[PDB]
Every structure is written in structure tokens, then in C-alpha cells.
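*Asks:* mmCIF, C-alpha atoms and all ligand atoms, file work.cif:
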```cif
data_target
loop_
_atom_site.group_PDB
_atom_site.id
_atom_site.type_symbol
_atom_site.label_atom_id
_atom_site.label_comp_id
_atom_site.auth_asym_id
_atom_site.auth_seq_id
_atom_site.Cartn_x
_atom_site.Cartn_y
_atom_site.Cartn_z
ATOM 1 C CA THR K 1 42.718 -25.136 -85.337
ATOM 2 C CA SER K 2 45.006 -27.104 -87.651
ATOM 3 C CA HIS K 3 41.784 -28.744 -88.856
ATOM 4 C CA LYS K 4 43.273 -30.154 -92.049
ATOM 5 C CA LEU K 5 46.349 -31.697 -90.427
ATOM 6 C CA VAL K 6 44.123 -33.414 -87.825
ATOM 7 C CA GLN K 7 41.743 -34.618 -90.550
ATOM 8 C CA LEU K 8 44.661 -36.322 -92.369
ATOM 9 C CA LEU K 9 45.999 -37.709 -89.093
ATOM 10 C CA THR K 10 42.728 -39.459 -88.159
ATOM 11 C CA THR K 11 41.494 -40.750 -91.531
ATOM 12 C CA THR K 12 41.846 -44.500 -91.897
ATOM 13 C CA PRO I 1 67.355 -60.160 -80.118
ATOM 14 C CA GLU I 2 67.465 -56.350 -79.884
ATOM 15 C CA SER I 3 69.400 -56.280 -83.195
ATOM 16 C CA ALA I 4 66.660 -58.430 -84.698
ATOM 17 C CA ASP I 5 64.052 -55.889 -83.521
ATOM 18 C CA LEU I 6 66.030 -53.008 -85.070
ATOM 19 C CA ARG I 7 66.113 -54.888 -88.371
ATOM 20 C CA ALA I 8 62.388 -55.644 -88.131
ATOM 21 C CA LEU I 9 61.850 -51.854 -87.493
ATOM 22 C CA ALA I 10 64.107 -51.006 -90.469
ATOM 23 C CA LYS I 11 62.128 -53.408 -92.688
ATOM 24 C CA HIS I 12 58.665 -52.216 -91.470
ATOM 25 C CA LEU I 13 59.780 -48.642 -92.163
ATOM 26 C CA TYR I 14 60.876 -49.623 -95.705
ATOM 27 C CA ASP I 15 57.602 -51.497 -96.437
ATOM 28 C CA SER I 16 55.627 -48.391 -95.321
ATOM 29 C CA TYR I 17 57.810 -46.055 -97.391
ATOM 30 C CA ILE I 18 57.084 -48.215 -100.495
ATOM 31 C CA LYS I 19 53.351 -48.055 -99.688
ATOM 32 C CA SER I 20 53.394 -44.329 -98.899
ATOM 33 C CA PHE I 21 55.572 -42.957 -101.699
ATOM 34 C CA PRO I 22 54.749 -43.962 -105.319
ATOM 35 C CA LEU I 23 57.949 -42.449 -106.760
ATOM 36 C CA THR I 24 61.012 -43.931 -104.978
ATOM 37 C CA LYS I 25 64.712 -43.127 -105.460
ATOM 38 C CA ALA I 26 65.370 -46.510 -107.156
ATOM 39 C CA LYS I 27 62.897 -45.602 -109.887
ATOM 40 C CA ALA I 28 64.053 -41.983 -110.152
ATOM 41 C CA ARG I 29 67.671 -42.975 -110.658
ATOM 42 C CA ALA I 30 66.612 -45.441 -113.393
ATOM 43 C CA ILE I 31 64.822 -42.600 -115.183
ATOM 44 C CA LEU I 32 67.620 -40.047 -114.554
ATOM 45 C CA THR I 33 70.326 -42.431 -115.897
ATOM 46 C CA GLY I 34 68.056 -43.704 -118.676
ATOM 47 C CA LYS I 35 68.023 -47.373 -117.674
ATOM 48 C CA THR I 36 64.313 -47.949 -118.164
ATOM 49 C CA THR I 37 62.014 -49.226 -120.921
ATOM 50 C CA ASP I 38 59.971 -46.028 -120.370
ATOM 51 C CA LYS I 39 60.279 -43.196 -122.875
ATOM 52 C CA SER I 40 62.855 -40.562 -121.855
ATOM 53 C CA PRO I 41 61.381 -37.711 -119.778
ATOM 54 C CA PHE I 42 60.245 -34.512 -121.516
ATOM 55 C CA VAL I 43 62.877 -31.812 -120.869
ATOM 56 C CA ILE I 44 61.829 -28.285 -119.868
ATOM 57 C CA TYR I 45 64.571 -25.698 -120.361
ATOM 58 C CA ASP I 46 62.657 -22.510 -121.397
ATOM 59 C CA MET I 47 59.238 -21.170 -122.472
ATOM 60 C CA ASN I 48 59.335 -23.133 -125.696
ATOM 61 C CA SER I 49 59.719 -26.465 -123.890
ATOM 62 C CA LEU I 50 57.652 -25.384 -120.878
ATOM 63 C CA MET I 51 54.783 -24.572 -123.257
ATOM 64 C CA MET I 52 54.739 -27.911 -125.102
ATOM 65 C CA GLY I 53 54.942 -29.651 -121.719
ATOM 66 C CA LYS I 54 49.814 -15.880 -114.612
ATOM 67 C CA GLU I 55 53.506 -15.128 -115.269
ATOM 68 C CA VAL I 56 55.852 -18.104 -115.733
ATOM 69 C CA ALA I 57 57.532 -17.811 -112.307
ATOM 70 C CA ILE I 58 54.149 -17.899 -110.568
ATOM 71 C CA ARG I 59 52.793 -20.811 -112.632
ATOM 72 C CA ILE I 60 55.866 -22.736 -111.517
ATOM 73 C CA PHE I 61 55.623 -21.605 -107.878
ATOM 74 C CA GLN I 62 51.981 -22.734 -107.891
ATOM 75 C CA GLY I 63 52.953 -26.115 -109.393
ATOM 76 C CA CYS I 64 55.435 -26.621 -106.522
ATOM 77 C CA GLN I 65 52.616 -25.794 -104.069
ATOM 78 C CA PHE I 66 50.139 -28.308 -105.570
ATOM 79 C CA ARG I 67 52.807 -31.038 -105.512
ATOM 80 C CA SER I 68 53.714 -30.058 -101.875
ATOM 81 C CA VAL I 69 50.058 -30.644 -100.857
ATOM 82 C CA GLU I 70 50.214 -34.230 -102.139
ATOM 83 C CA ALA I 71 53.667 -34.707 -100.558
ATOM 84 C CA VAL I 72 52.454 -33.538 -97.110
ATOM 85 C CA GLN I 73 49.613 -36.123 -97.469
ATOM 86 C CA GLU I 74 52.037 -38.973 -98.304
ATOM 87 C CA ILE I 75 54.418 -37.940 -95.537
ATOM 88 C CA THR I 76 51.463 -37.897 -93.092
ATOM 89 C CA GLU I 77 50.471 -41.466 -94.096
ATOM 90 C CA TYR I 78 54.157 -42.465 -93.642
ATOM 91 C CA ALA I 79 54.452 -40.770 -90.213
ATOM 92 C CA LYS I 80 51.269 -42.658 -89.195
ATOM 93 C CA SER I 81 53.084 -45.996 -89.779
ATOM 94 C CA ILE I 82 56.036 -45.117 -87.499
ATOM 95 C CA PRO I 83 55.367 -47.271 -84.385
ATOM 96 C CA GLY I 84 54.207 -45.145 -81.411
ATOM 97 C CA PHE I 85 53.333 -42.079 -83.548
ATOM 98 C CA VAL I 86 49.522 -42.439 -83.588
ATOM 99 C CA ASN I 87 49.485 -42.906 -79.802
ATOM 100 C CA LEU I 88 51.223 -39.575 -79.245
ATOM 101 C CA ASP I 89 49.138 -36.590 -78.158
ATOM 102 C CA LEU I 90 47.386 -35.454 -81.332
ATOM 103 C CA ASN I 91 48.488 -31.849 -80.768
ATOM 104 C CA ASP I 92 52.101 -33.081 -80.777
ATOM 105 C CA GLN I 93 51.502 -35.143 -83.982
ATOM 106 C CA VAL I 94 50.345 -31.883 -85.611
ATOM 107 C CA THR I 95 53.423 -29.916 -84.307
ATOM 108 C CA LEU I 96 55.885 -32.653 -85.469
ATOM 109 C CA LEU I 97 54.404 -32.470 -88.988
ATOM 110 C CA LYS I 98 54.214 -28.658 -89.115
ATOM 111 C CA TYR I 99 57.859 -28.178 -88.181
ATOM 112 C CA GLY I 100 59.225 -31.247 -89.989
ATOM 113 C CA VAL I 101 57.349 -31.763 -93.297
ATOM 114 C CA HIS I 102 59.536 -29.329 -95.351
ATOM 115 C CA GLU I 103 62.775 -30.981 -94.155
ATOM 116 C CA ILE I 104 61.314 -34.287 -95.483
ATOM 117 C CA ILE I 105 60.102 -32.773 -98.764
ATOM 118 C CA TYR I 106 63.678 -31.510 -99.509
ATOM 119 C CA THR I 107 65.387 -34.713 -98.340
ATOM 120 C CA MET I 108 63.155 -36.612 -100.804
ATOM 121 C CA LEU I 109 63.338 -34.028 -103.592
ATOM 122 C CA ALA I 110 67.121 -34.765 -103.684
ATOM 123 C CA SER I 111 66.281 -38.324 -104.875
ATOM 124 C CA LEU I 112 64.760 -36.673 -107.952
ATOM 125 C CA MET I 113 67.689 -34.247 -108.564
ATOM 126 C CA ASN I 114 71.111 -34.118 -110.218
ATOM 127 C CA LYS I 115 73.495 -31.216 -110.824
ATOM 128 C CA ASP I 116 71.533 -30.387 -114.015
ATOM 129 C CA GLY I 117 67.879 -30.487 -112.936
ATOM 130 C CA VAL I 118 64.973 -32.273 -111.274
ATOM 131 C CA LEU I 119 62.239 -34.799 -112.218
ATOM 132 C CA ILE I 120 58.645 -33.550 -112.145
ATOM 133 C CA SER I 121 55.184 -35.093 -112.903
ATOM 134 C CA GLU I 122 56.126 -38.416 -111.332
ATOM 135 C CA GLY I 123 59.224 -38.677 -113.497
ATOM 136 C CA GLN I 124 57.539 -37.769 -116.772
ATOM 137 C CA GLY I 125 59.328 -34.406 -116.929
ATOM 138 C CA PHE I 126 62.736 -32.965 -116.219
ATOM 139 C CA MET I 127 63.126 -29.305 -115.389
ATOM 140 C CA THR I 128 66.622 -27.985 -115.815
ATOM 141 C CA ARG I 129 68.423 -26.133 -113.010
ATOM 142 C CA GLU I 130 69.488 -23.227 -115.284
ATOM 143 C CA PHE I 131 65.813 -22.721 -116.192
ATOM 144 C CA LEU I 132 64.749 -22.462 -112.541
ATOM 145 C CA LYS I 133 67.749 -20.222 -111.890
ATOM 146 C CA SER I 134 66.544 -17.892 -114.702
ATOM 147 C CA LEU I 135 63.239 -17.083 -112.876
ATOM 148 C CA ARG I 136 62.936 -13.584 -111.512
ATOM 149 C CA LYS I 137 63.468 -12.701 -107.878
ATOM 150 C CA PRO I 138 62.361 -14.124 -105.522
ATOM 151 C CA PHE I 139 61.317 -17.269 -107.420
ATOM 152 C CA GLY I 140 64.740 -17.953 -109.033
ATOM 153 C CA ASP I 141 66.361 -18.026 -105.600
ATOM 154 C CA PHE I 142 64.289 -21.014 -104.153
ATOM 155 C CA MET I 143 65.895 -24.043 -105.720
ATOM 156 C CA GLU I 144 69.537 -23.067 -106.091
ATOM 157 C CA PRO I 145 70.258 -23.749 -102.340
ATOM 158 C CA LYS I 146 68.501 -27.103 -102.716
ATOM 159 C CA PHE I 147 70.749 -28.175 -105.671
ATOM 160 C CA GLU I 148 73.737 -27.241 -103.558
ATOM 161 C CA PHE I 149 72.319 -29.435 -100.784
ATOM 162 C CA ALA I 150 71.304 -32.316 -103.099
ATOM 163 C CA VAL I 151 74.587 -32.727 -105.017
ATOM 164 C CA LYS I 152 76.527 -33.165 -101.781
ATOM 165 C CA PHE I 153 73.772 -35.258 -100.130
ATOM 166 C CA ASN I 154 73.455 -37.526 -103.187
ATOM 167 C CA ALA I 155 77.176 -38.382 -103.125
ATOM 168 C CA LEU I 156 76.533 -40.203 -99.836
ATOM 169 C CA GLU I 157 74.661 -42.761 -102.003
ATOM 170 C CA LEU I 158 71.715 -43.607 -99.729
ATOM 171 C CA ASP I 159 69.029 -45.999 -100.984
ATOM 172 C CA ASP I 160 65.297 -46.102 -100.185
ATOM 173 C CA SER I 161 65.885 -48.425 -97.247
ATOM 174 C CA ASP I 162 68.348 -45.840 -95.715
ATOM 175 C CA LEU I 163 66.065 -42.831 -96.384
ATOM 176 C CA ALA I 164 63.023 -44.452 -94.725
ATOM 177 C CA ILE I 165 64.803 -44.386 -91.328
ATOM 178 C CA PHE I 166 66.573 -41.034 -91.879
ATOM 179 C CA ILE I 167 63.129 -39.435 -92.524
ATOM 180 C CA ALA I 168 61.515 -41.083 -89.483
ATOM 181 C CA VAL I 169 64.290 -39.727 -87.166
ATOM 182 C CA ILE I 170 63.754 -36.144 -88.476
ATOM 183 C CA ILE I 171 59.986 -36.312 -87.924
ATOM 184 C CA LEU I 172 60.343 -37.431 -84.297
ATOM 185 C CA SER I 173 62.389 -34.341 -83.260
ATOM 186 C CA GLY I 174 61.864 -33.544 -79.514
ATOM 187 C CA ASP I 175 63.045 -29.967 -79.971
ATOM 188 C CA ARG I 176 60.242 -28.519 -82.123
ATOM 189 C CA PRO I 177 58.612 -25.475 -80.484
ATOM 190 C CA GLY I 178 55.430 -25.959 -78.408
ATOM 191 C CA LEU I 179 55.615 -29.739 -77.887
ATOM 192 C CA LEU I 180 53.675 -30.809 -74.794
ATOM 193 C CA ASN I 181 55.223 -34.202 -74.128
ATOM 194 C CA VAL I 182 58.905 -34.162 -75.202
ATOM 195 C CA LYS I 183 59.934 -37.484 -73.544
ATOM 196 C CA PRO I 184 57.884 -40.055 -75.437
ATOM 197 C CA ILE I 185 59.075 -38.422 -78.678
ATOM 198 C CA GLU I 186 62.778 -38.610 -77.676
ATOM 199 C CA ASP I 187 62.228 -42.240 -76.701
ATOM 200 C CA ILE I 188 60.950 -43.082 -80.185
ATOM 201 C CA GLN I 189 63.727 -41.011 -81.804
ATOM 202 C CA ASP I 190 66.423 -42.775 -79.766
ATOM 203 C CA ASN I 191 65.219 -46.217 -80.924
ATOM 204 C CA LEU I 192 65.036 -44.853 -84.519
ATOM 205 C CA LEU I 193 68.640 -43.499 -84.335
ATOM 206 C CA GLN I 194 69.860 -46.937 -83.169
ATOM 207 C CA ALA I 195 68.062 -48.454 -86.133
ATOM 208 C CA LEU I 196 69.730 -45.937 -88.467
ATOM 209 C CA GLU I 197 73.166 -46.624 -86.993
ATOM 210 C CA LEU I 198 72.821 -50.409 -87.629
ATOM 211 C CA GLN I 199 71.256 -49.900 -91.102
ATOM 212 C CA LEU I 200 74.269 -47.759 -92.208
ATOM 213 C CA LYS I 201 76.886 -50.125 -90.802
ATOM 214 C CA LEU I 202 75.195 -53.082 -92.551
ATOM 215 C CA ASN I 203 74.157 -51.407 -95.850
ATOM 216 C CA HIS I 204 77.215 -49.083 -96.134
ATOM 217 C CA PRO I 205 80.036 -50.891 -94.204
ATOM 218 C CA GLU I 206 82.853 -48.958 -95.930
ATOM 219 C CA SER I 207 81.433 -45.473 -95.933
ATOM 220 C CA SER I 208 83.562 -43.298 -93.644
ATOM 221 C CA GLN I 209 81.630 -41.720 -90.719
ATOM 222 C CA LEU I 210 78.294 -42.012 -92.581
ATOM 223 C CA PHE I 211 76.208 -41.762 -89.436
ATOM 224 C CA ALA I 212 77.878 -38.484 -88.228
ATOM 225 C CA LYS I 213 77.777 -37.166 -91.771
ATOM 226 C CA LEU I 214 74.006 -37.817 -91.888
ATOM 227 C CA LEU I 215 73.438 -36.150 -88.503
ATOM 228 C CA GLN I 216 75.164 -33.027 -89.819
ATOM 229 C CA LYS I 217 72.829 -33.188 -92.883
ATOM 230 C CA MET I 218 69.837 -32.936 -90.502
ATOM 231 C CA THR I 219 71.326 -29.713 -89.181
ATOM 232 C CA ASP I 220 71.946 -28.497 -92.775
ATOM 233 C CA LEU I 221 68.290 -29.262 -93.528
ATOM 234 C CA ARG I 222 67.095 -26.825 -90.823
ATOM 235 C CA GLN I 223 69.073 -23.947 -92.439
ATOM 236 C CA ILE I 224 67.748 -24.812 -95.855
ATOM 237 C CA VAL I 225 64.229 -24.566 -94.418
ATOM 238 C CA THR I 226 64.932 -21.381 -92.397
ATOM 239 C CA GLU I 227 65.977 -19.674 -95.639
ATOM 240 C CA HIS I 228 63.078 -21.234 -97.563
ATOM 241 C CA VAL I 229 60.561 -19.839 -95.061
ATOM 242 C CA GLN I 230 62.265 -16.368 -95.283
ATOM 243 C CA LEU I 231 61.495 -16.338 -99.031
ATOM 244 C CA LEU I 232 57.860 -17.388 -98.398
ATOM 245 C CA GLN I 233 57.595 -14.479 -95.910
ATOM 246 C CA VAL I 234 58.955 -12.071 -98.510
ATOM 247 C CA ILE I 235 56.463 -13.460 -101.039
ATOM 248 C CA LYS I 236 53.611 -13.044 -98.560
ATOM 249 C CA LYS I 237 54.661 -9.457 -97.686
ATOM 250 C CA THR I 238 55.335 -8.271 -101.229
ATOM 251 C CA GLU I 239 53.613 -10.458 -103.851
ATOM 252 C CA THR I 240 49.968 -10.745 -104.951
ATOM 253 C CA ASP I 241 47.829 -13.434 -103.283
ATOM 254 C CA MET I 242 48.824 -16.967 -104.336
ATOM 255 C CA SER I 243 45.493 -18.335 -102.998
ATOM 256 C CA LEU I 244 47.273 -20.946 -100.855
ATOM 257 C CA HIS I 245 45.966 -24.403 -100.312
ATOM 258 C CA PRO I 246 44.419 -24.294 -96.821
ATOM 259 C CA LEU I 247 46.665 -27.231 -95.745
ATOM 260 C CA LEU I 248 49.819 -25.251 -96.599
ATOM 261 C CA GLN I 249 48.375 -22.129 -94.875
ATOM 262 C CA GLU I 250 48.184 -23.997 -91.503
ATOM 263 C CA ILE I 251 51.741 -25.222 -91.801
ATOM 264 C CA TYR I 252 53.079 -21.760 -92.853
ATOM 265 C CA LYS I 253 51.145 -19.949 -90.128
ATOM 266 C CA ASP I 254 53.429 -20.961 -87.277
ATOM 267 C CA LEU I 255 56.951 -21.005 -88.759
ATOM 268 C CA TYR I 256 56.620 -17.611 -90.575
HETATM 269 O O1 LIG Q 301 62.674 -25.789 -104.956
HETATM 270 S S1 LIG Q 301 61.447 -25.277 -104.412
HETATM 271 O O2 LIG Q 301 61.683 -24.626 -103.144
HETATM 272 N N1 LIG Q 301 60.440 -26.474 -104.104
HETATM 273 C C1 LIG Q 301 60.022 -27.443 -104.951
HETATM 274 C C2 LIG Q 301 60.589 -27.666 -106.198
HETATM 275 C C3 LIG Q 301 60.085 -28.685 -107.002
HETATM 276 CL CL1 LIG Q 301 60.754 -29.014 -108.621
HETATM 277 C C4 LIG Q 301 59.044 -29.473 -106.568
HETATM 278 O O3 LIG Q 301 58.593 -30.468 -107.395
HETATM 279 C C5 LIG Q 301 57.697 -30.266 -108.434
HETATM 280 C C6 LIG Q 301 57.025 -31.374 -108.950
HETATM 281 N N2 LIG Q 301 56.151 -31.261 -109.958
HETATM 282 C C7 LIG Q 301 55.887 -30.068 -110.528
HETATM 283 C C8 LIG Q 301 54.973 -30.004 -111.578
HETATM 284 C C9 LIG Q 301 54.705 -28.776 -112.163
HETATM 285 C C10 LIG Q 301 55.354 -27.619 -111.713
HETATM 286 C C11 LIG Q 301 56.266 -27.690 -110.666
HETATM 287 C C12 LIG Q 301 56.535 -28.916 -110.066
HETATM 288 C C13 LIG Q 301 57.454 -29.006 -109.001
HETATM 289 C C14 LIG Q 301 58.492 -29.255 -105.312
HETATM 290 CL CL2 LIG Q 301 57.150 -30.259 -104.699
HETATM 291 C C15 LIG Q 301 58.968 -28.240 -104.513
HETATM 292 C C16 LIG Q 301 60.822 -24.175 -105.448
HETATM 293 C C17 LIG Q 301 61.451 -23.958 -106.688
HETATM 294 C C18 LIG Q 301 60.978 -22.993 -107.596
HETATM 295 C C19 LIG Q 301 59.849 -22.226 -107.278
HETATM 296 CL CL3 LIG Q 301 59.161 -20.987 -108.383
HETATM 297 C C20 LIG Q 301 59.205 -22.440 -106.063
HETATM 298 C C21 LIG Q 301 59.688 -23.388 -105.156
HETATM 299 CL CL4 LIG Q 301 58.750 -23.504 -103.634
HETATM 300 CL CL CL Q 302 60.718 -15.329 -114.758
#
```
Would you mind writing the file out in C-alpha cells?
*Replies:*
Amino acid sequence: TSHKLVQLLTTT
Amino acid sequence: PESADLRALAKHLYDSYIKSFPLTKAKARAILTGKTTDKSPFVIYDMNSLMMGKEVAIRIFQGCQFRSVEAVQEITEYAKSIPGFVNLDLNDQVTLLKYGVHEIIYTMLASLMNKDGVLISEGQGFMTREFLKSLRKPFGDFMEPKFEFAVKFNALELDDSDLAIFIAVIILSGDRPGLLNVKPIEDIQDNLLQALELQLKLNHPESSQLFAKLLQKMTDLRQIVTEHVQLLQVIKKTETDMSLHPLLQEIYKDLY
């Protein structure tokens, strides 16, 4: 999942 | 030509570090040495002082966690400005952060530390080392290894411009477990290590073997984190639920 890491990584 | 590009890289990394991290080492050393028009920081050295400023050990542990959440977020924003990083496989971006974020947190925490304590609340507080040492097992065993690290690391006298590149090199480690595409990571790391080498020769011309010294520090950082994650495991196995931030759960899941 690592949903929260990916969410940080793709916010602009 | 190539040396110009490694300076441009150095400078871009510094600009990004300034934009990513509101409390720098320059500003922390001004506060810690009292060379600032700001009021002196509030000192915490017991319950008395802690109070003015769950059980005490756990309220502190939980404060470290909340601050770590914010730090992971600032380190993520920083990693995102390292050229090539956002174009890496997104699963490998995640893995690099999971296995490297704590090493960066404790590198940077050293900027805020001396032999007597550490700055907290963006430099508005100072929590003494003897106070943290007085916390009951396992909580009073977390920071002592980090003070040992910091005192020696701080006598290398790195500035923010040095740290920016040191941090970038650690994040782009090709040897983290489970990486899919090792090569493009090593290629970015190699260019970052060249940038670090030139930065140290230029910024610290008379510092004996600084580069090799720093590379050993990266190895010392892994041990510091190995032990740190051992204590977290113990806490997980044997303490009540700390209700972790979901962001920290994901990171802790895989290194446990
Ligand atoms: O040294 S640590 O391993 N990590 C740590 C320490 C500090 Cl002083 C940190 O910095 C702050 C910064 N601000 C804080 C504000 C309130 C309480 C605690 C705070 C701690 C951070 Cl982010 C991690 C640590 C020390 C003591 C305890 Cl009970 C837990 C940990 Cl994880
Ligand atoms: Cl205690």
C-alpha cells in the first residue's frame, strides 16, 4: 500500500 | 564545465534545503550560542520546567512522533527536488524514503544538539540531555546514542550547504532492500558524491580527510537506526498502543 508516502510523493 | 555543473547542483540543493526546512543549522547555532535578538529558549530540565513549557516518558515519545511526521513531510519535499528523483519508479521512491528517512532525521537533529541538550518547538525550547536520560526504560535509552553521535559529528563543522548534499547522497542509496531498478539510483548517487567531494574541498579546504570521515558517518548512521528500530520493536511488543500516525506505521512496517 504505502498510500500515505505515495500521496506525499505526488502532491504538487 | 563539469565542475560548473557540480556547483550548480550544490547550489540547487542548498536553495531547495532552505525552501524545504524552516529551521536550518545556521539559525539553530545562533539560538544555541545566544547570538540572536530572539528571547533565550525556554529550558526543560524536569517536571517543573516541562509543566510550565499519559506518563511523562510517553508524552515525550509522542511529541517526538508528531515532530517526526512533519520531518518526513519536509524530507519528502526535499527528496522531490533532487534532480532525477521524481522520474524514478514510484515504488523505488517509496523504498528510498522508508529506509532512509530516519538516517536524515538524526543527521539533521544533530544541528539542533550540543553535549547538554537539544532544541525543540522550532528553537523555542531546549530539552536537556540529563532530563531525557532520566526517562524510564526504554524511553531514556533513545537519545543517549544520538548525543554520542552528534557531539562527534558536530565537531566536523558542516554548514547547511554541506548537509544538503550529504543528505541527498544518503537518500539515493542503491543498497536498500527491495529496490527494483538499482542502476539509475547509483547513477544519481555517483553524481551526488562527486558534488559532495568538490563542496568539501572548496568549503573545508583544510579539514583532514573530511570526505572519508563523512562516508564513515553514513555507516555510523545505519547502526544508530538499527538500534533505534530495535527499541521501537520492544515498545511495540511490550508497551500499550501509542496510536501511531498512519504515515509512521507504513515506514515502521518494513524495517521492524
Ligand atoms: O531521540 S529520539 O530517538 N528522537 C527524537 C528526539 C527529538 Cl528531541 C526530536 O525532536 C523533538 C522536537 N520537538 C518536540 C516537541 C515536544 C516534544 C518532543 C519533541 C521532540 C525528534 Cl523529532 C526525535 C527520542 C528521544 C526520546 C524519546 Cl521518549 C523518544 C525518541 Cl523517538
Ligand atoms: Cl520517566
*Asks:* List all protein, DNA and RNA residues that have any atom at most 7 Å from ligand CL 302 (chain Q), counting all atoms listed in the file, and write the list as a PyMOL selection string.
*Replies:* chain I and resi 56-57+134-136
*Asks:* Output the contact residues of chain I with respect to chain K at a cut-off of 7 Å, based on all atoms listed in the file, as a compact mmCIF listing (two decimals) with C-alpha atoms, in the frame of the given file.
*Replies:*
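New file selection.txt:
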```
# COMPACT_ATOMS: atom_id res chain seq x y z
CA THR I 76 51.46 -37.90 -93.09
CA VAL I 94 50.34 -31.88 -85.61
CA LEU I 247 46.66 -27.23 -95.74
CA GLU I 250 48.18 -24.00 -91.50
```
*Asks:* To one decimal in Å, tell me the separation between atom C11 of ligand LIG 301 (chain Q) and atom CA of residue 26 of chain I.
*Replies:*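 So the answer is 21.2 Å.
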*Asks:* Figure out the distance between atom CA of residue 162 of chain I and atom CA of residue 24 of chain I, please, to one decimal in Å.
*Replies:*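 One can read the atom CA of residue 24 of chain I to atom CA of residue 162 of chain I distance as 12.0 Å.
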*Asks:* Determine, for each residue of segment 78-131 of chain I having at least one atom at most 10 Å from an atom of segment 138-150 of chain I, the closest pair of atoms and their separation in Å to one decimal, counting only C-alpha atoms; order by chain and ascending number, as JSON lines.
*Replies:*
```
{"residue": "I:106", "atom": "CA", "partner": "I:146", "partner_atom": "CA", "distance": 7.3}
{"residue": "I:107", "atom": "CA", "partner": "I:150", "partner_atom": "CA", "distance": 8.0}
{"residue": "I:108", "atom": "CA", "partner": "I:150", "partner_atom": "CA", "distance": 9.5}
{"residue": "I:109", "atom": "CA", "partner": "I:150", "partner_atom": "CA", "distance": 8.2}
{"residue": "I:110", "atom": "CA", "partner": "I:150", "partner_atom": "CA", "distance": 4.9}
{"residue": "I:111", "atom": "CA", "partner": "I:150", "partner_atom": "CA", "distance": 8.0}
{"residue": "I:112", "atom": "CA", "partner": "I:150", "partner_atom": "CA", "distance": 9.2}
{"residue": "I:113", "atom": "CA", "partner": "I:150", "partner_atom": "CA", "distance": 6.8}
{"residue": "I:114", "atom": "CA", "partner": "I:150", "partner_atom": "CA", "distance": 7.3}
{"residue": "I:115", "atom": "CA", "partner": "I:147", "partner_atom": "CA", "distance": 6.6}
{"residue": "I:116", "atom": "CA", "partner": "I:147", "partner_atom": "CA", "distance": 8.7}
{"residue": "I:117", "atom": "CA", "partner": "I:147", "partner_atom": "CA", "distance": 8.1}
{"residue": "I:118", "atom": "CA", "partner": "I:147", "partner_atom": "CA", "distance": 9.0}
{"residue": "I:129", "atom": "CA", "partner": "I:144", "partner_atom": "CA", "distance": 7.6}
{"residue": "I:130", "atom": "CA", "partner": "I:144", "partner_atom": "CA", "distance": 9.2}
{"residue": "I:131", "atom": "CA", "partner": "I:140", "partner_atom": "CA", "distance": 8.7}
```
*Asks:* Report as JSON the centre and the edge lengths, in Å to one decimal, of the axis-aligned box holding every listed atom of ligand LIG 301 (chain Q), padded by 3 Å on each side.
*Replies:*
```
{"center_x": 58.7, "center_y": -26.2, "center_z": -107.7, "size_x": 14.0, "size_y": 16.4, "size_z": 15.0}
```
*Asks:* If I take atom CA of residue 90 of chain I and atom CA of residue 64 of chain I, how far is one from the other in Å, to one decimal?
*Replies:*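 Spanning atom CA of residue 90 of chain I to atom CA of residue 64 of chain I is a straight-line distance of 27.9 Å.
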*Asks:* If we count all atoms listed in the file, what is near residue 183 of chain I at a cut-off of 12 Å, once residues fewer than 2 positions away on the same chain are taken out, given as a PyMOL selection string?
*Replies:* chain I and resi 88-89+92+172-175+179-181+185-190
*Asks:* Any chance you could work out the residue set of the PyMOL selection byres (((chain I and resi 54) around 12) and not hetatm) here, as a VMD selection string?
*Replies:* chain I and resid 55 to 63 240 to 242
*Asks:* List as a list in words: which residues have an atom within 12 Å of (66.6, -20.5, -94.8), counting only C-alpha atoms?
*Replies:* residues 102, 103, 141, 142, 143, 144, 145, 146, 219, 220, 221, 222, 223, 224, 225, 226, 227, 228, 229, 230, 231, 232, 233, 234, 255 and 256 of chain I
*Asks:* Tell me, as a ChimeraX atom specification, which residues lie within 7 Å of residue 97 of chain I, counting all atoms listed in the file; anything in the same chain fewer than 4 positions away does not count.
*Replies:* /I:93,101,171
*Asks:* Do you know which residues are at most 9 Å from residue 128 of chain I counting all atoms listed in the file, after dropping those on the same chain fewer than 4 positions away, and could you put them as a ChimeraX atom specification?
*Replies:* /I:43-46,116-119,132-133
